[PDB]
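Have a look at the structure below, then the notes.
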Amino acid sequence: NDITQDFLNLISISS
Amino acid sequence: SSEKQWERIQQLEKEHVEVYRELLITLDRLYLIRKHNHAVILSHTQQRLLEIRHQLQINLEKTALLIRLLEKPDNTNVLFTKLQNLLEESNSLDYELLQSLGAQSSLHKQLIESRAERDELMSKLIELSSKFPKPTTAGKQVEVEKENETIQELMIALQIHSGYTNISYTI
Amino acid sequence: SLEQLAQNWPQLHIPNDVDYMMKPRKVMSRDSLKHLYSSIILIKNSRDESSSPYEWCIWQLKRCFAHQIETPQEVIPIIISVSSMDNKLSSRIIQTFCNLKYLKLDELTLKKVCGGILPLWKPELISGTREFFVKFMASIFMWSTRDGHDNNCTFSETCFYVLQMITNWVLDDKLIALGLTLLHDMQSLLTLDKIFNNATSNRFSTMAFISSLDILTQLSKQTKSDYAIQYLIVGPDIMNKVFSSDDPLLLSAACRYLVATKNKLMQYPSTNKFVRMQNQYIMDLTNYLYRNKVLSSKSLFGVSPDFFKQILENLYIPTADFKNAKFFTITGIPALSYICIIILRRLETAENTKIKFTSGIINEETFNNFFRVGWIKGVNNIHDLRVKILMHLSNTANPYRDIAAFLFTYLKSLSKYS
Amino acid sequence: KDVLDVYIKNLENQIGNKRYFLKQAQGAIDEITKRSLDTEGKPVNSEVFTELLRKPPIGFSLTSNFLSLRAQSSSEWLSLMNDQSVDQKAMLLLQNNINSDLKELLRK
Amino acid sequence: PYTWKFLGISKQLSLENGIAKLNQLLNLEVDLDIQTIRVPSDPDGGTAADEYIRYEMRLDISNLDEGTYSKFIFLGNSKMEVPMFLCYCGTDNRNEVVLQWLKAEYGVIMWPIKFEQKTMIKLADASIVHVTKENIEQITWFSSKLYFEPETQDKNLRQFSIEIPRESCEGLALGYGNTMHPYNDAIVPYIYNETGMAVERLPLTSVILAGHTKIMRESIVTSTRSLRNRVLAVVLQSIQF
């Protein structure tokens, strides 16, 4: 669950 | 008149507020790669907390630079009634926003039970269809029907030709 | 004729001319029959992938996306009616067309078909489908930015379109946790600075928070769906922002979820760090307003004692005498200040004395200024006036009773005021 | 009008005083990055993160953007929720219309 | 002048299934043709993607009656999304009776064929190219002219045309060099090269060759005996997604 949140946060960082 | 001035006010407000935002971001960037040792892209746990800090700073700025001309009106210069009007419009729209959300949730529930009832109705109707069988002198009778068609057509035609007063449907 | 159709129904065979069924006196007209014709095929053939009309719906949908059809909206209402049922084949309507590749071809056509099917659809896949949809919410992200806006309101619709699907996901006993796991992921995406912040308040993100929190409160008041003990809240970093951002609607469902989260807290041991941290999340928000200890508090949702210097020094604040406290209290919070004002003249009607306040904010000096510019006797300080504002705010006059009720819940000192 | 026109000019003052502040930011980034050993590193410890989190007419201006943008958007997606609700109520009206045909087939 | 009506197919069907049972409904004999050939997309080599199957038959007894003559030509693939399409010419009952017979047989439903500028120009390339019995490709050229009908208010500019003598067509391809697509590299850019108008962006009504074909979006008209194979193939890729 938290891994998906971290992945979304990293994607937003890249964007 | 004053509406155009207000529109330009809000345009420059957007512009300088956003430049303030990225100045804050790049200025804490001037900090954060120097403050600890070399970090810039750590996860949204304290950079999340950094934006929580940014929001707290901005709202403190609001409540500081708001107890102001608003508190002591100039009675002719519109700096504070505009913000008031924004307050009332937001607060009034939010109530109906929330009740719209509630109505939408209720509608979604209703659709759920509608799908359920349609499901058991379809099951029962499938059972009923399965209960039914599968889809798949007679020549003299066909000739009699053809003769009746010819006779009725010819009687109708002749009665119309002669102007008969008792022309009726013939089968 | 409809009656003539009933007699030969056991012996009626159906030729396959699909859209002639779908495309819209002595003997009854054909138009009345074609409404029943669609239901006839639905009952003549069981719901399966081999049904010709079901394949026709897929084929005609692809025509609209590629603009092969003469007009895209000709068959959209027909597809909506047919695809409402058939949970086994309603997924393939979504699963095939939820990829971001179809979004590039036409974003408008995807919206009207996405919004009308997701509320109806039920969870089927145990795994494979949360991440696929989470990719779609991530697909709209860095896609509106590609379009030109940091958050174009296709995302707002799709966030809610999958949110009502979660209601179907959580109401059904199976895969109830799958909706919650997606719910924490989707909320974690909406809290970030890029999509929303105080300065650029495009609060579609925060409205999807409460619409998610409303489902969390609807699921709660009772322990049917239990969040992970190490997680319990949506996120320790996720909804401490929603307290900092003073949106009146955002603070309501959060406090309702805080009550919901608290209702799960006493079941868990009090020695847990997350339980203590979430406990710290219920005091500090109640501290954050109407406590006069926010600046003295070592933690403001994770914030040390500062902010008082610079902007206040760039232009001197003309106030003093506990000037920090009014920067914090609910009557001093700019968004919550006028909600107290709306309560204030409701309290004024309750107190049977009517007088208009000078400003939409209520604090120490403004109340003194409001005093010096006709009102009940016995109270002259802002401490008791804020009390009389809050108890009436604790009545169902505004939907933001949730903040006032939560404040009186914690702490026990605030309990006696209610 | 004219008093408002000053508000444009003395926030044009702030944007002029800000673009150089912006310009000196990346100007100062490319020596503060040299002062750091690397561009990317480990998360900051709390003690100087506290120092990170100790130093913070703009505030009055911030109130307009935050509060006007949250109200101009109030009527945009509300209709989208309403239209979805309108769509939901429409196909619920059609739901009973189809439901009526199911009963008729049961009777036949 | 024979006008061709175009039409597509949803999923791959089998047509030789019952030529004996396709006749008693129509009360006269209909023959069958089974045929497949190579369609080189690239002269250097061709993969299995050009594997095409074509059917052809007619519905007639009277060779004297040239007017009441119709042909149904089928061609298509089996591995991409849309398997095949179909075309026919002439107006008669015979142009549809079989069409209902496979209306209710296979469950495939029809749709009119749409052409736009991305496809319309490239058809003439397949029309002008020729193939001999020795698999040698040479081009027979034609003086192409274009029809433009721009939609506008006041009808200020309602129709204008561009004409190219095809000896100048010869002078353009030779300048570019040996090309397999002359309208990619000699003609269409040259109109943009001199006059600055984009042919593709502008609404194009018709592309006319000198006495060989007559191309319009609504329907294709050709004075030949029967349509060729490259034309059908390029139509197939164009209607493919």
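Each chain in the structure tokens gets a letter, A, B, ..., in the order shown, and its residues are numbered from 1; ligands are numbered from 1 in order too.
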
- prompt: chain B residues within 6 Å of chain C, counting only C-alpha atoms: which ones, as a ChimeraX atom specification?
  reply: /B:52,55-56,63,71,132-133,135-136

message: I'd like the contact shell of residue 69 in chain E - 12 Å cut-off, only C-alpha atoms, skipping same-chain residues fewer than 5 positions apart - returned as a PyMOL selection string.
response: chain E and resi 2-3+57-64+88-95+225

task: Give as number ranges by chain every residue of chain D that touches chain C within 6 Å, counting only C-alpha atoms.
output: D: 54, 56, 66, 69-70

Can I get the residues of chain D within 8 Å of range 5-29 of chain B, each with the closest pair of atoms and their distance in Å to one decimal, using only C-alpha atoms, sorted chain first then ascending number, as JSON lines?
```
{"residue": "D:1", "atom": "CA", "partner": "B:5", "partner_atom": "CA", "distance": 6.9}
{"residue": "D:4", "atom": "CA", "partner": "B:5", "partner_atom": "CA", "distance": 6.8}
{"residue": "D:5", "atom": "CA", "partner": "B:5", "partner_atom": "CA", "distance": 7.1}
{"residue": "D:7", "atom": "CA", "partner": "B:9", "partner_atom": "CA", "distance": 7.4}
{"residue": "D:8", "atom": "CA", "partner": "B:9", "partner_atom": "CA", "distance": 6.1}
{"residue": "D:11", "atom": "CA", "partner": "B:12", "partner_atom": "CA", "distance": 7.6}
{"residue": "D:12", "atom": "CA", "partner": "B:12", "partner_atom": "CA", "distance": 7.9}
{"residue": "D:14", "atom": "CA", "partner": "B:16", "partner_atom": "CA", "distance": 7.7}
{"residue": "D:15", "atom": "CA", "partner": "B:16", "partner_atom": "CA", "distance": 6.0}
{"residue": "D:18", "atom": "CA", "partner": "B:19", "partner_atom": "CA", "distance": 7.5}
{"residue": "D:19", "atom": "CA", "partner": "B:19", "partner_atom": "CA", "distance": 8.0}
{"residue": "D:21", "atom": "CA", "partner": "B:23", "partner_atom": "CA", "distance": 7.6}
{"residue": "D:22", "atom": "CA", "partner": "B:23", "partner_atom": "CA", "distance": 6.0}
{"residue": "D:25", "atom": "CA", "partner": "B:26", "partner_atom": "CA", "distance": 6.6}
{"residue": "D:26", "atom": "CA", "partner": "B:26", "partner_atom": "CA", "distance": 7.7}
{"residue": "D:29", "atom": "CA", "partner": "B:29", "partner_atom": "CA", "distance": 7.9}
{"residue": "D:52", "atom": "CA", "partner": "B:28", "partner_atom": "CA", "distance": 7.6}
{"residue": "D:58", "atom": "CA", "partner": "B:17", "partner_atom": "CA", "distance": 7.6}
{"residue": "D:61", "atom": "CA", "partner": "B:13", "partner_atom": "CA", "distance": 6.1}
{"residue": "D:62", "atom": "CA", "partner": "B:17", "partner_atom": "CA", "distance": 6.4}
{"residue": "D:64", "atom": "CA", "partner": "B:10", "partner_atom": "CA", "distance": 7.4}
{"residue": "D:65", "atom": "CA", "partner": "B:14", "partner_atom": "CA", "distance": 6.3}
```

- request: Please identify every residue of chain C that has at least one atom no more than 9 Å from any atom of chain E, counting only C-alpha atoms, and report them as a ChimeraX atom specification.
  value: /C:15-19,52,56,59,66,68-70

- prompt: What are the residues of chain A that have an atom within 8 Å of an atom of chain C, counting only C-alpha atoms, as a list in words?
  reply: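 Every residue meeting the condition is included here: residues 1, 2, 4, 5, 8, 9, 12 and 15 of chain A.
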
Go ahead and dump the residues you just picked, N, CA, C and O atoms, as a CSV table (one decimal), in the first residue's frame.
```
chain,number,residue,atom,x,y,z
A,1,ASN,N,0.8,-1.2,0.0
A,1,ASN,CA,0.0,0.0,0.0
A,1,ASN,C,0.9,1.3,0.0
A,1,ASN,O,0.7,2.1,-0.9
A,2,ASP,N,1.8,1.3,1.0
A,2,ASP,CA,2.7,2.5,1.0
A,2,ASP,C,3.6,2.5,-0.1
A,2,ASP,O,4.1,3.6,-0.5
A,4,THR,N,2.9,1.9,-3.3
A,4,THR,CA,2.2,2.6,-4.3
A,4,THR,C,2.2,4.1,-4.1
A,4,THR,O,2.3,4.9,-5.0
A,5,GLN,N,2.0,4.5,-2.8
A,5,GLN,CA,2.0,5.9,-2.5
A,5,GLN,C,3.4,6.5,-2.8
A,5,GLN,O,3.5,7.6,-3.3
A,8,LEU,N,3.8,6.9,-6.5
A,8,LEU,CA,3.1,8.0,-7.0
A,8,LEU,C,3.8,9.3,-6.7
A,8,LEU,O,3.9,10.3,-7.5
A,9,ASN,N,4.3,9.4,-5.5
A,9,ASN,CA,5.1,10.6,-5.1
A,9,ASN,C,6.3,10.8,-5.9
A,9,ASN,O,6.7,11.9,-6.3
A,12,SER,N,5.3,12.0,-9.3
A,12,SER,CA,5.0,13.5,-9.3
A,12,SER,C,6.3,14.3,-9.1
A,12,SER,O,6.4,15.4,-9.7
A,15,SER,N,7.6,14.6,-12.5
A,15,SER,CA,6.8,15.5,-13.4
A,15,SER,C,7.0,16.9,-12.9
A,15,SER,O,6.7,17.8,-13.6
```

query: Pick the closest to residue 386 in chain C from C:254, C:340, C:285, C:259: which is it, counting only C-alpha atoms?
result: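 Checking each candidate against residue 386 in chain C, we get C:340 as the closest.
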
field: Distance criterion (only C-alpha atoms): nearest to residue 155 in chain C out of D:86, D:94, D:106, D:80
entry: D:80
